[PDB]
file run_14.cif (mmCIF, C-alpha atoms)
data_query
loop_
_atom_site.label_atom_id
_atom_site.label_comp_id
_atom_site.auth_asym_id
_atom_site.auth_seq_id
_atom_site.Cartn_x
_atom_site.Cartn_y
_atom_site.Cartn_z
CA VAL Y 496 -0.64 7.04 5.12
CA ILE Y 497 2.15 6.36 2.61
CA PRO Y 498 3.13 10.04 2.05
CA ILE Y 499 3.66 10.68 5.77
CA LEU Y 500 5.97 7.74 6.50
CA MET Y 501 7.65 8.32 3.13
CA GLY Y 502 8.54 11.89 4.05
CA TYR Y 503 9.69 10.67 7.46
CA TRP Y 504 12.02 8.09 5.90
CA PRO Y 516 24.00 -1.60 -12.31
CA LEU Y 517 20.55 -2.94 -13.26
CA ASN Y 518 18.62 0.03 -14.67
CA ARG Y 519 21.43 0.96 -17.07
CA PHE Y 520 21.11 -2.50 -18.64
CA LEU Y 521 17.35 -2.10 -19.04
CA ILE Y 522 17.78 1.31 -20.68
CA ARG Y 523 20.49 -0.04 -22.98
CA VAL Y 524 18.30 -2.93 -24.11
CA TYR Y 525 15.18 -0.74 -24.47
CA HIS Y 526 16.71 2.20 -26.40
CA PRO Y 527 17.24 0.54 -29.81
CA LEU Y 528 14.04 -1.52 -29.79
CA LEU Y 529 12.04 1.57 -28.80
CA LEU Y 530 13.62 3.63 -31.58
CA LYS Y 531 13.04 0.96 -34.23
CA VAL Y 532 9.44 0.53 -33.07
CA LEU Y 533 8.77 4.28 -33.18
CA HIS Y 534 10.20 4.33 -36.72
CA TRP Y 535 7.42 2.09 -38.10
CA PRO Y 536 4.34 2.11 -35.82
CA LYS Y 537 2.01 0.49 -38.34
CA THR Y 538 4.17 -2.62 -38.68
CA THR Y 539 4.31 -2.81 -34.88
CA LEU Y 540 0.52 -2.76 -34.64
CA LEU Y 541 0.29 -5.38 -37.39
CA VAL Y 542 2.73 -7.78 -35.71
CA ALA Y 543 0.80 -7.21 -32.47
CA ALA Y 544 -2.43 -8.21 -34.21
CA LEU Y 545 -0.64 -11.31 -35.53
CA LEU J 948 4.02 8.93 -21.44
CA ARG J 949 1.27 11.56 -21.32
CA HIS J 950 3.16 13.66 -18.78
CA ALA J 951 6.23 13.36 -21.01
CA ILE J 952 4.46 14.36 -24.23
CA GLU J 953 2.68 17.18 -22.39
CA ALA J 954 5.69 18.88 -20.82
CA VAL J 955 8.11 19.65 -23.67
CA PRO J 956 6.73 19.07 -27.17
CA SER J 957 3.59 21.22 -27.02
CA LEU J 958 5.15 23.99 -29.18
CA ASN J 959 6.77 22.53 -32.31
CA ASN J 960 3.88 20.63 -33.95
CA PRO J 961 1.97 23.78 -35.04
CA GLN J 962 4.83 24.15 -37.54
CA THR J 963 4.11 21.45 -40.11
CA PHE J 964 6.80 18.88 -40.94
CA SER J 965 8.14 18.62 -37.38
CA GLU J 966 8.65 15.16 -35.88
CA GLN J 967 12.23 15.20 -34.52
CA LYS J 968 11.24 16.55 -31.10
CA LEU J 969 8.08 14.42 -31.03
CA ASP J 970 10.31 11.34 -30.84
CA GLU J 971 12.64 12.88 -28.24
CA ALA J 972 9.56 13.51 -26.09
CA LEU J 973 8.61 9.83 -26.18
CA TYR J 974 12.24 8.95 -25.47
CA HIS J 975 12.18 11.16 -22.37
CA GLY J 976 8.92 9.45 -21.45
CA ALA J 977 10.56 6.04 -21.89
CA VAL J 978 13.93 6.61 -20.17
CA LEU J 979 12.94 8.00 -16.76
CA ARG J 980 9.80 5.81 -16.67
CA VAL J 981 11.44 2.40 -17.16
CA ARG J 982 12.35 1.72 -13.51
CA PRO J 983 8.77 2.06 -12.19
CA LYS J 984 7.34 -0.30 -14.81
CA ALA J 985 10.15 -2.81 -14.34
CA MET J 986 9.63 -2.72 -10.57
CA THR J 987 5.86 -3.15 -10.93
CA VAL J 988 6.24 -6.15 -13.23
CA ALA J 989 8.96 -7.69 -11.05
CA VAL J 990 6.98 -7.41 -7.81
CA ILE J 991 3.80 -8.62 -9.52
CA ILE J 992 5.54 -11.75 -10.80
CA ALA J 993 7.35 -12.30 -7.49
CA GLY J 994 4.23 -12.05 -5.33
CA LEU J 995 2.71 -14.88 -7.37
CA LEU J 996 5.59 -17.21 -8.25
CA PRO J 997 5.68 -18.83 -4.76
CA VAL Z 848 -11.26 -41.16 44.30
CA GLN Z 849 -12.02 -43.91 41.79
CA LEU Z 850 -14.89 -43.73 39.30
CA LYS Z 851 -17.17 -46.69 38.62
CA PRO Z 852 -17.83 -47.91 35.06
CA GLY Z 853 -20.29 -45.46 33.55
CA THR Z 854 -19.80 -42.45 35.82
CA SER Z 855 -18.34 -38.98 35.28
CA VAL Z 856 -17.71 -35.81 37.27
CA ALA Z 857 -17.91 -32.15 36.25
CA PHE Z 858 -17.48 -28.76 37.90
CA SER Z 859 -19.43 -25.53 37.47
CA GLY Z 860 -20.75 -22.49 39.33
CA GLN Z 861 -20.78 -18.72 39.13
CA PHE Z 862 -16.99 -18.52 38.81
CA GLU Z 863 -17.27 -20.09 35.34
CA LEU Z 864 -18.76 -16.83 34.08
CA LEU Z 865 -16.76 -14.40 36.24
CA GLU Z 866 -13.36 -15.47 34.92
CA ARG Z 867 -14.74 -14.73 31.45
CA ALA Z 868 -16.60 -11.48 32.17
CA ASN Z 869 -13.67 -9.94 34.05
CA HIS Z 870 -11.33 -11.00 31.23
CA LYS Z 871 -13.45 -9.22 28.62
CA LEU Z 872 -13.42 -6.08 30.77
CA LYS Z 873 -9.61 -6.05 30.82
CA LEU Z 874 -9.77 -5.94 27.00
CA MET Z 875 -12.04 -2.88 26.74
CA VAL Z 876 -10.67 -0.76 29.62
CA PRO Z 877 -7.39 0.03 27.77
CA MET Z 878 -9.00 0.68 24.39
CA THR Z 879 -11.33 3.20 26.02
CA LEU Z 880 -8.39 5.24 27.33
CA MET Z 881 -6.87 5.03 23.85
CA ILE Z 882 -9.98 6.36 22.10
CA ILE Z 883 -10.05 9.01 24.82
CA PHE Z 884 -6.39 10.01 24.45
CA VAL Z 885 -6.67 10.49 20.68
CA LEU Z 886 -9.46 12.95 21.48
CA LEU Z 887 -7.70 14.91 24.22
CA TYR Z 888 -4.66 15.41 21.98
CA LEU Z 889 -6.96 16.56 19.18
CA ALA Z 890 -8.27 19.17 21.62
CA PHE Z 891 -4.82 20.53 22.53
CA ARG Z 892 -2.59 19.22 19.69
CA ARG Z 893 -0.12 18.38 22.47
CA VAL Z 894 0.53 15.24 24.50
CA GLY Z 895 1.47 17.07 27.70
CA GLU Z 896 -2.02 18.36 28.45
CA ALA Z 897 -3.67 15.02 27.68
CA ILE C 5 -7.11 14.82 0.20
CA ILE C 6 -3.36 14.17 0.33
CA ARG C 7 -2.22 17.57 1.61
CA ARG C 8 -4.86 17.80 4.36
CA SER C 9 -3.72 14.35 5.57
CA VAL C 10 0.01 15.09 5.72
CA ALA C 11 -0.88 18.36 7.47
CA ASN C 12 -2.14 16.61 10.62
CA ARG C 13 0.19 13.60 10.42
CA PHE C 14 0.41 12.90 14.17
CA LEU C 15 -3.25 11.86 14.29
CA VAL C 16 -2.72 9.71 11.20
CA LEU C 17 0.24 7.94 12.82
CA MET C 18 -1.71 7.39 16.05
CA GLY C 19 -4.63 5.95 14.09
CA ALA C 20 -2.28 3.70 12.15
CA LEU C 21 -0.75 2.40 15.38
CA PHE C 22 -4.19 1.74 16.87
CA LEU C 23 -5.23 -0.02 13.65
CA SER C 24 -2.09 -2.16 13.75
CA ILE C 25 -2.78 -3.21 17.35
CA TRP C 26 -6.43 -3.96 16.59
CA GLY C 27 -5.55 -5.98 13.49
CA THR C 28 -2.92 -7.98 15.34
CA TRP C 29 -5.45 -8.81 18.06
CA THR C 30 -8.07 -9.79 15.49
CA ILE C 31 -5.51 -11.98 13.70
CA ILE C 32 -4.48 -13.83 16.86
CA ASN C 33 -8.18 -14.28 17.71
CA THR C 34 -9.53 -15.32 14.30
CA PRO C 35 -11.09 -18.78 13.81
CA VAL C 36 -9.58 -21.30 11.40
CA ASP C 37 -10.94 -23.81 8.89
CA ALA C 38 -9.88 -25.81 5.84
CA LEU C 39 -12.55 -25.00 3.24
CA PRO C 40 -15.65 -22.78 3.29
CA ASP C 41 -19.04 -24.42 3.76
CA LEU C 42 -20.03 -25.63 0.29
CA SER C 43 -22.97 -27.77 1.45
#
call {"tool": "encode", "arguments": {"input": "run_14.cif", "output": "structure tokens"}}
result
Amino acid sequence: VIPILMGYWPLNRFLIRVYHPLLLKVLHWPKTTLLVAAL
Amino acid sequence: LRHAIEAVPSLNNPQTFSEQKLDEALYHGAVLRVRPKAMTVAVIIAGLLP
Amino acid sequence: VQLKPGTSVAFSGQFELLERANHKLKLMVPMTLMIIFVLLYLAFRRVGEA
Amino acid sequence: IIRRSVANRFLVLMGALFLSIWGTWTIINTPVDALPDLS
């Protein structure tokens, strides 16, 4: 049903700004991320 | 993230020592995909806080 | 009328059931038409003919 | 499964309306209780 009535009918910038650097630093060292997750 | 990593970066890895675009692929998969996850978490917490 | 200590009055008869039976009918007569309409449209894909 | 449903969307909308009416009736005519029978 959802597709039919879907075809008939600020905040995210902040999330992206806060996620960008953490995501980059995490992707730099994945092993340390997995280790701190285990901890 | 799988859609992201599948679309673009399926051509550069065969050439060894190539990881610059592999990170841009994950970035693309983590920039357009943030709003859905944030919305899911928000609605999940809000439908239970009351 | 006054009732003596230890006496009660009640009413009954066929009507007791009729009022109910009839009521139930008025609930299933519309639905029928509905389940019929959805079929007629499916036969013509148009509301005018139904 | 999704395309064949949006194709004939009028029937889907009619069925959804009938389901809404039926569910409303069942809701207004549903018994009530505090706790299920645990005895």
call {"tool": "atom_distance", "arguments": {"input": "run_14.cif", "atom1": "atom CA of residue C:17", "atom2": "atom CA of residue J:987"}}
result
26.8 Å
call {"tool": "residues_around", "arguments": {"input": "run_14.cif", "residues": "residue Z:882", "least_positions_apart": "5", "cutoff": "10 Å", "atoms": "only C-alpha atoms", "output": "PyMOL selection string"}}
result
(chain Z and resi 877+887) or (chain C and resi 19+22)
call {"tool": "interface_residues", "arguments": {"input": "run_14.cif", "of": "chain Y", "to": "chain J", "cutoff": "12 Å", "atoms": "only C-alpha atoms", "output": "list in words"}}
result
residues 517, 518, 519, 520, 521, 522, 523, 524, 525, 526, 527, 528, 529, 530, 531, 532, 533 and 534 of chain Y
call {"tool": "resolve_selection", "arguments": {"input": "run_14.cif", "expression": "the PyMOL selection byres ((chain J and resi 956) around 10)", "output": "list in words"}}
result
residues 951, 952, 953, 954, 955, 957, 958, 959, 960, 966, 967, 968, 969, 970, 971, 972 and 973 of chain J
call {"tool": "interface_residues", "arguments": {"input": "run_14.cif", "of": "chain Z", "to": "chain C", "cutoff": "12 Å", "atoms": "only C-alpha atoms", "output": "PyMOL selection string"}}
result
chain Z and resi 874-875+877-882+884-890+892-894
call {"tool": "axis_aligned_box", "arguments": {"input": "run_14.cif", "around": "stretch 11-20 of chain C", "padding_each_side": "5 Å", "output": "JSON"}}
result
{"center_x": -2.1, "center_y": 11.0, "center_z": 11.8, "size_x": 15.0, "size_y": 24.7, "size_z": 18.6}
call {"tool": "atom_distance", "arguments": {"input": "run_14.cif", "atom1": "atom CA of residue Z:869", "atom2": "atom CA of residue Z:855"}}
result
29.4 Å
call {"tool": "atom_distance", "arguments": {"input": "run_14.cif", "atom1": "atom CA of residue Y:500", "atom2": "atom CA of residue C:11"}}
result
12.7 Å
call {"tool": "resolve_selection", "arguments": {"input": "run_14.cif", "expression": "the PyMOL selection byres ((chain C) within 9 of (chain Y))", "output": "list in words"}}
result
residues 6, 9, 10, 13, 16, 17 and 20 of chain C
call {"tool": "decode", "arguments": {"input": "run_14.cif", "residues": "stretch 26-37 of chain C", "atoms": "N, CA, C and O atoms", "output": "mmCIF file, in the first residue's frame"}}
result
data_model
loop_
_atom_site.group_PDB
_atom_site.id
_atom_site.type_symbol
_atom_site.label_atom_id
_atom_site.label_comp_id
_atom_site.auth_asym_id
_atom_site.auth_seq_id
_atom_site.Cartn_x
_atom_site.Cartn_y
_atom_site.Cartn_z
ATOM 1 N N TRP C 26 -13.699 -1.800 8.446
ATOM 2 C CA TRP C 26 -13.856 -3.028 9.218
ATOM 3 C C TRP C 26 -13.068 -2.962 10.522
ATOM 4 O O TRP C 26 -13.561 -3.382 11.577
ATOM 5 N N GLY C 27 -11.844 -2.437 10.472
ATOM 6 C CA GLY C 27 -11.039 -2.343 11.675
ATOM 7 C C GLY C 27 -11.606 -1.356 12.675
ATOM 8 O O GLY C 27 -11.577 -1.603 13.882
ATOM 9 N N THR C 28 -12.125 -0.227 12.192
ATOM 10 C CA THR C 28 -12.789 0.712 13.092
ATOM 11 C C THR C 28 -13.972 0.050 13.785
ATOM 12 O O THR C 28 -14.135 0.166 15.006
ATOM 13 N N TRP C 29 -14.811 -0.656 13.019
ATOM 14 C CA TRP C 29 -15.948 -1.342 13.622
ATOM 15 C C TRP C 29 -15.487 -2.350 14.665
ATOM 16 O O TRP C 29 -16.032 -2.410 15.773
ATOM 17 N N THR C 30 -14.480 -3.161 14.325
ATOM 18 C CA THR C 30 -13.987 -4.156 15.271
ATOM 19 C C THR C 30 -13.401 -3.504 16.518
ATOM 20 O O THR C 30 -13.495 -4.065 17.614
ATOM 21 N N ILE C 31 -12.798 -2.324 16.370
ATOM 22 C CA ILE C 31 -12.227 -1.626 17.517
ATOM 23 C C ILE C 31 -13.334 -1.137 18.440
ATOM 24 O O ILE C 31 -13.276 -1.329 19.661
ATOM 25 N N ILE C 32 -14.360 -0.498 17.873
ATOM 26 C CA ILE C 32 -15.464 0.001 18.684
ATOM 27 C C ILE C 32 -16.295 -1.121 19.289
ATOM 28 O O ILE C 32 -17.061 -0.871 20.225
ATOM 29 N N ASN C 33 -16.147 -2.353 18.799
ATOM 30 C CA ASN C 33 -16.915 -3.492 19.283
ATOM 31 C C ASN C 33 -16.034 -4.558 19.927
ATOM 32 O O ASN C 33 -16.428 -5.726 19.996
ATOM 33 N N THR C 34 -14.849 -4.180 20.408
ATOM 34 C CA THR C 34 -13.955 -5.153 21.022
ATOM 35 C C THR C 34 -14.137 -5.172 22.536
ATOM 36 O O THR C 34 -14.254 -4.111 23.158
ATOM 37 N N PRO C 35 -14.174 -6.344 23.174
ATOM 38 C CA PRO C 35 -14.277 -6.377 24.639
ATOM 39 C C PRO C 35 -13.073 -5.724 25.297
ATOM 40 O O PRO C 35 -12.080 -5.375 24.653
ATOM 41 N N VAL C 36 -13.170 -5.560 26.616
ATOM 42 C CA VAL C 36 -12.123 -4.937 27.410
ATOM 43 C C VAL C 36 -11.879 -5.778 28.658
ATOM 44 O O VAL C 36 -12.734 -6.549 29.096
ATOM 45 N N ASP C 37 -10.689 -5.616 29.225
ATOM 46 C CA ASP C 37 -10.297 -6.329 30.436
ATOM 47 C C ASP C 37 -9.013 -5.696 30.957
ATOM 48 O O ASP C 37 -8.333 -4.952 30.247
#
